[PDB]
Structure formats: C-alpha cells, structure tokens
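**Student:** Handing you a structure now.
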2 protein chains.
Amino acid sequence: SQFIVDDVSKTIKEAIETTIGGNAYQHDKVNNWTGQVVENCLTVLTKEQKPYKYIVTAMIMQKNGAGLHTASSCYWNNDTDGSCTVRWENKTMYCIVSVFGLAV
Amino acid sequence: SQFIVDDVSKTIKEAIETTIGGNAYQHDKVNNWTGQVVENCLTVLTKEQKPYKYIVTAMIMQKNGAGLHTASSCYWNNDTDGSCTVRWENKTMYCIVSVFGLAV
C-alpha cells in the first residue's frame, strides 16, 4: 500500500510540529502552546484568502496511558463545507487539531 | 457570589448527562457514546430552527491523572457568530463539548 497526504493535513501537521516539536509536556506552559497551535493553524487557512468562515480547535493531552475519544457532527452545506483532523504525538504529549471550513 | 447558567450551557450539559450519566468508562463502548453525545447536542441546537450552521465537537477522556488542555480560534463574524463549551465529569471520565454557531 502507499499514500500521498493531502495539502491541508500536511500543512496543519507542519504547523503543529513547528509550534510544539522538540518540547516536553510542562503543565504551566501548555495552555499557551495550545493557543499558539490554534492561531498558527488558523493562519495556515486564512492566508489563502478563500470565501469561508473557519473554526480551529486543538487539544494537547499529556501521555499517561489514558483513553481518549473524540467526535464531531455538523449542520451545514455538505456540497461546500468540510473538515480535516490531524493527530500528532511525541514522547510526552498527543495533539489533535480539527479545522472546519464553512462557505459564506 | 452566585450565578445563573445560560440556556445553551444548561441544555448541552443535560444532553451529556442523559447520554452518558450513570456509566463507567469502557473503551469499546466510548466511541459510540461520544458519537451519541454529539448527535444529541446537535439536535439541542437544530430543533430551534434558527438561521445558523453548527459545528459540535465532543471529547471523552478516561480519568487517569493526565493533564489536558484545549483551545479554539475562529475566523467569522464576531457580531453574529459564537460558541459555548461545557465540561462534565463523573468518577471515571471527563466529557467536554463545544458548539459553534455561524450565521448564514
């Protein structure tokens, strides 16, 4: 098997790695990191100047063996609106970002 | 001090408690529960027949002592669009739901 990664996923993952890669979970710093991830991934989207509203959410979980499950549902225009979720991890943390684009 | 809980937060929290209250984290069942929470909270919003697109996200984390941080950022119309986040927990799990409404 083989695969080529779509552009949105690749550029979101890069924004995460740039923002937090090389770092170990530190409770007092992570709220600022999580805010930086969302802001840098929103900038990934808005620099393209496309006619959409965007929502970007991110979560950073310390790695400790806990189970975690996420899901989303939307009421929108399925012909034009969409979302992408990316998961990223290192030895001490998992970071999941989801972006949603809604045509205006 | 005192407070009165806004209607959206109260009705989202009730949808979570109805969906998962009384239950203990069980790995194989939680993906379905998380999907049920999002669907029941989206129904909370869409039954009001208002002129908005909605995004509902939910996360269920097993309680194990792990740190967790979440954040969101949006590019939208600040005069009309908005969001609410609710956190809920019992002895074995935390469930966080965020809803975002974007005027059409």
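Within each chain, counting starts at residue 1; across the structure tokens, chains are named A, B, ... in the order shown, with ligands numbered 1 upward in that order.
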Which residues come within 8 Å of residue 74 (chain A), counting only C-alpha atoms, excluding same-chain residues fewer than 5 positions away, as an MDAnalysis selection string?
**Tutor:** chainID B and resid 42 53:56
**Student:** I need the residues of region 16-80 of chain B that end up classed as helix (DSSP H, G or I) by DSSP on the backbone, written out as a list in words.
**Tutor:** residues 16, 17, 18, 19, 20, 27, 28, 29, 30, 31, 32, 33, 34, 35, 36, 37, 38, 39, 40, 41, 42, 43, 44, 45 and 46 of chain B
**Student:** Give me, as a VMD selection string, the residues of chain B touching chain A, with the criterion being at most 8 Å (counting only C-alpha atoms).
**Tutor:** chain B and resid 27 30 to 31 34 to 35 38 to 39 42 46 53 to 76 104
**Student:** May I have the selected residues written with N, CA and C atoms, as a tab-separated table (two decimals), in the first residue's frame?
**Tutor:**
chain	number	residue	atom	x	y	z
B	27	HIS	N	-13.67	1.18	27.23
B	27	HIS	CA	-13.02	1.51	25.98
B	27	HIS	C	-13.85	1.17	24.77
B	30	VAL	N	-16.99	3.56	24.24
B	30	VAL	CA	-16.94	5.04	24.30
B	30	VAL	C	-16.99	5.71	22.94
B	31	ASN	N	-16.51	5.08	21.88
B	31	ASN	CA	-16.57	5.77	20.58
B	31	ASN	C	-18.03	5.96	20.25
B	34	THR	N	-19.47	8.81	22.44
B	34	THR	CA	-19.02	10.15	22.06
B	34	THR	C	-19.85	10.60	20.84
B	35	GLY	N	-20.11	9.68	19.91
B	35	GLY	CA	-20.93	9.99	18.73
B	35	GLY	C	-22.36	10.31	19.16
B	38	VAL	N	-22.51	13.90	20.57
B	38	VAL	CA	-22.51	15.00	19.56
B	38	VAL	C	-23.85	15.11	18.85
B	39	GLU	N	-24.39	13.92	18.47
B	39	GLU	CA	-25.68	13.92	17.81
B	39	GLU	C	-26.78	14.48	18.69
B	42	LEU	N	-26.24	18.21	18.90
B	42	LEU	CA	-26.57	18.96	17.70
B	42	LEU	C	-28.06	19.13	17.63
B	46	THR	N	-30.44	22.28	16.65
B	46	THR	CA	-31.19	22.41	15.37
B	46	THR	C	-32.69	22.38	15.54
B	53	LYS	N	-25.40	27.74	10.71
B	53	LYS	CA	-24.73	26.44	10.52
B	53	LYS	C	-24.09	26.12	11.92
B	54	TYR	N	-24.06	24.84	12.23
B	54	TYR	CA	-23.50	24.46	13.54
B	54	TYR	C	-22.37	23.43	13.37
B	55	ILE	N	-21.42	23.54	14.30
B	55	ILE	CA	-20.33	22.51	14.43
B	55	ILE	C	-20.44	22.09	15.93
B	56	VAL	N	-20.46	20.75	16.17
B	56	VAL	CA	-20.47	20.29	17.59
B	56	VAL	C	-19.32	19.28	17.66
B	57	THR	N	-18.48	19.50	18.71
B	57	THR	CA	-17.37	18.56	18.86
B	57	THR	C	-17.47	18.04	20.29
B	58	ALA	N	-17.00	16.81	20.46
B	58	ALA	CA	-17.03	16.33	21.87
B	58	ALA	C	-15.78	15.47	22.07
B	59	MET	N	-15.37	15.39	23.37
B	59	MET	CA	-14.22	14.54	23.68
B	59	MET	C	-14.59	13.83	24.99
B	60	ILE	N	-14.26	12.53	25.05
B	60	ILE	CA	-14.40	11.81	26.34
B	60	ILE	C	-13.00	11.29	26.71
B	61	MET	N	-12.54	11.71	27.90
B	61	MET	CA	-11.19	11.25	28.33
B	61	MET	C	-11.38	10.40	29.62
B	62	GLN	N	-10.70	9.21	29.57
B	62	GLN	CA	-10.75	8.40	30.79
B	62	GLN	C	-10.03	9.16	31.88
B	63	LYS	N	-10.52	9.16	33.13
B	63	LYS	CA	-9.79	9.77	34.22
B	63	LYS	C	-8.65	8.87	34.71
B	64	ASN	N	-7.43	9.35	34.60
B	64	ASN	CA	-6.22	8.61	34.87
B	64	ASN	C	-5.15	9.59	35.37
B	65	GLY	N	-5.47	10.82	35.70
B	65	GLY	CA	-4.49	11.79	36.16
B	65	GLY	C	-3.74	12.56	35.06
B	66	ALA	N	-4.08	12.34	33.77
B	66	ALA	CA	-3.39	13.07	32.72
B	66	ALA	C	-3.82	14.53	32.57
B	67	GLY	N	-2.88	15.39	32.24
B	67	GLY	CA	-3.25	16.81	32.01
B	67	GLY	C	-3.87	16.93	30.61
B	68	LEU	N	-4.84	17.83	30.50
B	68	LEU	CA	-5.44	18.06	29.15
B	68	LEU	C	-5.78	19.53	28.96
B	69	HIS	N	-5.48	20.05	27.74
B	69	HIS	CA	-5.65	21.49	27.51
B	69	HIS	C	-6.30	21.58	26.14
B	70	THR	N	-7.32	22.49	26.10
B	70	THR	CA	-7.93	22.63	24.75
B	70	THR	C	-8.11	24.14	24.53
B	71	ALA	N	-8.18	24.47	23.21
B	71	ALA	CA	-8.39	25.87	22.83
B	71	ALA	C	-8.99	25.90	21.39
B	72	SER	N	-9.61	27.03	21.12
B	72	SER	CA	-10.15	27.17	19.76
B	72	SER	C	-9.99	28.59	19.28
B	73	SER	N	-9.97	28.73	17.96
B	73	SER	CA	-9.88	30.12	17.41
B	73	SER	C	-10.75	30.10	16.16
B	74	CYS	N	-11.36	31.23	15.83
B	74	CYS	CA	-12.24	31.20	14.66
B	74	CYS	C	-12.09	32.49	13.84
B	75	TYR	N	-12.43	32.32	12.58
B	75	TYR	CA	-12.40	33.47	11.62
B	75	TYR	C	-13.84	33.51	11.16
B	76	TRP	N	-14.59	34.52	11.66
B	76	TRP	CA	-16.03	34.53	11.44
B	76	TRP	C	-16.60	35.93	11.63
B	104	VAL	N	-25.84	32.35	8.78
B	104	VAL	CA	-25.92	32.15	7.34
B	104	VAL	C	-26.43	33.40	6.61
**Student:** As a tab-separated table (two decimals) with C-alpha atoms, in the first residue's frame, please: chain B after a least-squares superposition onto chain A using all C-alpha atoms matched in order.
**Tutor:**
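Written output follows (result_37.tsv):
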chain	number	residue	atom	x	y	z
B	1	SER	CA	0.00	0.00	0.00
B	2	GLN	CA	1.01	3.63	-0.28
B	3	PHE	CA	-0.45	7.07	0.20
B	4	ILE	CA	0.05	10.74	-0.55
B	5	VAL	CA	-1.04	13.20	2.18
B	6	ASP	CA	-3.49	15.95	1.21
B	7	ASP	CA	-2.25	19.55	1.43
B	8	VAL	CA	-4.43	20.67	4.35
B	9	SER	CA	-3.39	17.73	6.55
B	10	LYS	CA	0.29	18.21	5.63
B	11	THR	CA	0.30	21.91	6.38
B	12	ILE	CA	-1.66	21.53	9.66
B	13	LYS	CA	0.78	18.83	10.85
B	14	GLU	CA	3.70	21.09	9.96
B	15	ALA	CA	2.15	23.96	11.99
B	16	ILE	CA	1.85	21.66	14.98
B	17	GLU	CA	5.42	20.37	14.68
B	18	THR	CA	6.76	23.92	14.30
B	19	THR	CA	4.82	25.10	17.36
B	20	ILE	CA	5.48	22.29	19.81
B	21	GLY	CA	8.02	19.88	18.29
B	22	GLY	CA	11.10	19.40	20.40
B	23	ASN	CA	9.13	20.08	23.64
B	24	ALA	CA	8.18	18.00	26.68
B	25	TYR	CA	4.79	18.41	28.35
B	26	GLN	CA	5.03	21.12	31.03
B	27	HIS	CA	1.66	21.87	32.69
B	28	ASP	CA	2.18	25.61	33.20
B	29	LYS	CA	3.26	26.18	29.56
B	30	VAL	CA	0.78	24.02	27.67
B	31	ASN	CA	-2.22	26.37	27.73
B	32	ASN	CA	-0.08	28.91	25.83
B	33	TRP	CA	1.21	26.24	23.45
B	34	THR	CA	-2.33	25.03	22.68
B	35	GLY	CA	-3.35	28.65	21.92
B	36	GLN	CA	-0.28	29.05	19.69
B	37	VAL	CA	-1.17	25.85	17.75
B	38	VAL	CA	-4.68	27.08	17.02
B	39	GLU	CA	-3.52	30.52	15.98
B	40	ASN	CA	-0.82	29.13	13.67
B	41	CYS	CA	-3.18	26.60	12.11
B	42	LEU	CA	-5.85	29.29	11.59
B	43	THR	CA	-3.22	31.40	9.81
B	44	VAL	CA	-2.48	28.34	7.57
B	45	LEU	CA	-6.11	28.60	6.41
B	46	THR	CA	-6.73	32.34	6.25
B	47	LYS	CA	-3.61	33.25	4.27
B	48	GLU	CA	-5.21	31.61	1.21
B	49	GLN	CA	-7.95	34.31	1.20
B	50	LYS	CA	-10.81	31.88	0.40
B	51	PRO	CA	-14.54	32.69	0.98
B	52	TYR	CA	-15.03	30.66	4.10
B	53	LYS	CA	-15.52	31.07	7.84
B	54	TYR	CA	-13.17	28.81	9.83
B	55	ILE	CA	-13.25	27.11	13.24
B	56	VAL	CA	-9.93	25.58	14.51
B	57	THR	CA	-9.85	23.55	17.69
B	58	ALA	CA	-6.88	21.87	19.29
B	59	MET	CA	-6.26	19.62	22.27
B	60	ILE	CA	-2.96	18.66	23.95
B	61	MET	CA	-3.11	15.61	26.23
B	62	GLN	CA	-0.22	14.52	28.42
B	63	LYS	CA	0.73	10.91	27.65
B	64	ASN	CA	-0.16	8.89	30.76
B	65	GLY	CA	-1.99	5.83	29.32
B	66	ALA	CA	-5.49	7.38	29.41
B	67	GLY	CA	-8.06	6.51	26.73
B	68	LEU	CA	-9.39	9.42	24.67
B	69	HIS	CA	-12.20	9.55	22.10
B	70	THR	CA	-13.37	12.49	20.05
B	71	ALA	CA	-16.12	13.04	17.50
B	72	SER	CA	-17.84	15.86	15.70
B	73	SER	CA	-21.11	16.44	13.88
B	74	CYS	CA	-22.19	19.42	11.82
B	75	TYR	CA	-25.29	21.01	10.31
B	76	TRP	CA	-24.03	22.74	7.20
B	77	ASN	CA	-23.86	22.57	3.39
B	78	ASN	CA	-22.34	19.20	2.55
B	79	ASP	CA	-21.63	20.28	-1.02
B	80	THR	CA	-19.27	23.09	0.03
B	81	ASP	CA	-18.33	22.76	3.70
B	82	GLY	CA	-15.82	20.38	5.21
B	83	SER	CA	-13.33	19.49	7.88
B	84	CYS	CA	-9.95	17.87	8.49
B	85	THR	CA	-8.50	16.38	11.63
B	86	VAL	CA	-4.81	15.76	12.25
B	87	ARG	CA	-3.22	13.84	15.08
B	88	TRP	CA	0.41	14.44	16.19
B	89	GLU	CA	2.42	12.98	19.04
B	90	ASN	CA	5.83	12.90	20.63
B	91	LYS	CA	7.10	11.02	23.72
B	92	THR	CA	5.19	13.15	26.25
B	93	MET	CA	2.09	14.54	24.54
B	94	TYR	CA	-0.60	13.97	21.91
B	95	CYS	CA	-2.01	16.97	19.99
B	96	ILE	CA	-5.14	16.71	17.88
B	97	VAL	CA	-6.26	19.60	15.72
B	98	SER	CA	-9.52	19.84	13.84
B	99	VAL	CA	-10.33	22.53	11.29
B	100	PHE	CA	-13.70	23.24	9.79
B	101	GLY	CA	-14.41	25.46	6.80
B	102	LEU	CA	-17.91	26.80	6.09
B	103	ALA	CA	-18.65	28.57	2.84
B	104	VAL	CA	-20.03	32.08	3.06
**Student:** Give the strand (DSSP E) residues of chain B, as assigned by DSSP on the backbone, as a PyMOL selection string.
**Tutor:** chain B and resi 52-62+68-75+82-89+93-103
